[PDB]
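*Asks:* coordinates only, sequence not included:
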């Protein structure tokens with residue numbers, strides 16, 4: 001019964017994991033809220049309305065996949081992510097639905113437990129996941145601007161509502177929430193087939209990330225990037241401390257290197273962190289119960305000479 005969450009609560013839940021993107025959090029929340037409102041209606045009306053599918057528009061590294069993935073995680077919905085550019089060949093587009101039933105049974109069994117010890121009725125469990133997927137599932141179709149200007153026609157019956165054959169039974173894709181995402185640098189949403197345009201009533205244009213947005217992505221969300229390296233090096237009994245001046249120095253370098261070559265967004269932070277933490281990671285076992293403080297000087301000693309050379313950056317970080 002996490003479907004009863006009001007939109008304001010979902011925006012608060014999604015703030016614990018995703019920095020900014022307030023505009024994208026509302027439109028994601030009112031799509032879920034419509035699924036709740038649909039169930040409180042009469043049977044002839046509950047079945048003839050269509051979900052408020054979302055069309056996300058923005059570059060990479062802005063966190064439009066986390067907004068959708070965490071969205072299903074908090075409401076307890078089955079989530080799947082498919083790359084639309086894998087279907088361009090000649091295609092079993094319905095595999096995106098059978099994979100949703102495959103992830104729904106694992107979610108239902110996971111919550112059937114905690115409530116090698118199978119004391120749960122597998123039949124009723126599978127038949128609940130079969131219903132949870134078709135009444136609450138979420139399919140994230142990534143890179144959908146690359147099937148626009150053949151593949152959209154096969155995605156259509158899934159959004160239009162069809163009954164797809166799965167190993168556990170038949171599921172109905174009428175009330176599944178669909179999210180399309182892409183950069184739309186060459187094609188526009190108006191270049192999608194008209195049937196797809198009408199079936200994406202909610203559309204959001206996500207914002208770009210500034211150099212001051214990385215320092216939040218780096219420190220703020222629940223289990224951020226540097227929080228991971230703290231707990232990882234804490235396995236080797238090494239306490240790591242990042243001075244705020246050094247976190248800001250990593251954000252200034254990632255944003256700067258995202259400018260010289262090509263912009264990948266917050267994904268740049270992964271290669272930046274591991275590169276600077278290389279000496280610490282290699283020598284961590286032979287350094288027990290130590291306390292290491294990361295200063296901006298130590299950051300520039302390992303990155304500033306590399307981040308200045310553009311030709312080196314395209315390869316090593």
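*Replies:* Right, received. Where do you want to start? Numbers count the residues shown, from 1 in each chain.
*Asks:* how about residue 186, what does it touch?
*Replies:* residue 145 (C-beta atoms under 8 Å, 6 or more residues apart in numbering). Where you see a C-beta, it was placed from the backbone N, CA and C, and this is true even at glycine.
*Asks:* at 10 Å instead, please
*Replies:* Going by C-beta atoms under 10 Å, 6 or more residues apart in numbering, residue 186 touches 145-146, 148-149.
*Asks:* next: residue 51.
*Replies:* Going by C-beta under 10 Å, 6+ apart, residue 51 touches 31-32, 34-35, 38, 138, 159, 161, 174-178, 199, 201-202.
*Asks:* does it count as helix, strand or coil?
*Replies:* For residue 51, the secondary structure call by DSSP: H, G, I helix; E, B strand; the rest coil comes out as coil.
*Asks:* re the thing from before, most surrounded residue in the contacts of residue 186?
*Replies:* residue 145 (23 neighbours; other C-beta atoms under 10 Å).
*Asks:* returning to what we had before: ok, the contacts of residue 51 vs residue 271, which is closest?
*Replies:* Nearest to residue 271 out of the contacts of residue 51 is residue 138 (C-beta to C-beta; 29.7 Å).
*Asks:* list the contacts for the closest one?
*Replies:* Applying C-beta under 10 Å, 6+ apart to residue 138 gives the contacts 28, 31-32, 35, 51, 54, 68-69, 71-72, 75, 77-81, 100, 176-179.
*Asks:* ranges for the strands of the stretch 151-300 of the chain?
*Replies:* Using DSSP state E, counting those that start in this stretch, the strands found in the stretch 151-300 of the chain span residues 163-166, 169-172, 177-182, 202-205, 238-242, 290-294.
*Asks:* can you name every helix or strand that the second one contacts?
*Replies:* Right, strand 169-172. If you count contacts as 3 or more C-beta pairs under 10 Å, 6 or more residues apart in numbering; DSSP states H and E, strand 169-172 packs onto helix 95-112, helix 122-136, strand 163-166.
*Asks:* from the chain's centroid, how far away is that strand?
*Replies:* For strand 169-172, the separation from the chain centroid amounts to 26 Å (computed by C-alpha atoms, centre = their mean, to the nearest Å).
*Asks:* now do that strand: everything it contacts.
*Replies:* 47, 97-98, 100-101, 104, 126-127, 129-135, 137, 161-165.
*Asks:* buried residues, it. List them.
*Replies:* For strand 169-172, a neighbour-count test (16 or more other C-beta atoms under 10 Å) marks 171-172 as buried.
*Asks:* same check, this time on stretch 157-168
*Replies:* For stretch 157-168, using 16+ other C-beta under 10 Å, the buried residues are 158-159, 164, 166, 168.
*Asks:* and of those residues, the nearest to residue 61?
*Replies:* Closest to residue 61, out of all of the buried residues of stretch 157-168 and judged by C-beta to C-beta, is residue 159, at 27.3 Å.
*Asks:* burial count for the nearest residue to residue 7 once chain neighbours are set aside?
*Replies:* Leaving out its chain neighbours, the residue that sits closest to residue 7 by C-beta to C-beta, 6 or more residues apart in numbering is residue 29, at 3.6 Å. When counting by other C-beta under 10 Å, one arrives at 22 neighbours for residue 29.
*Asks:* over to residue 175?
*Replies:* Residue 175: 18 neighbours (other C-beta under 10 Å).
*Asks:* any chance of the contacts of residue 186 in JSON lines, with distance to residue 283 too?
*Replies:* JSON lines is the format used below for the contacts of residue 186 (distance: C-beta to C-beta, whole Å):
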{"residue": "145", "distance to residue 283": "45"}
{"residue": "146", "distance to residue 283": "44"}
{"residue": "148", "distance to residue 283": "51"}
{"residue": "149", "distance to residue 283": "54"}
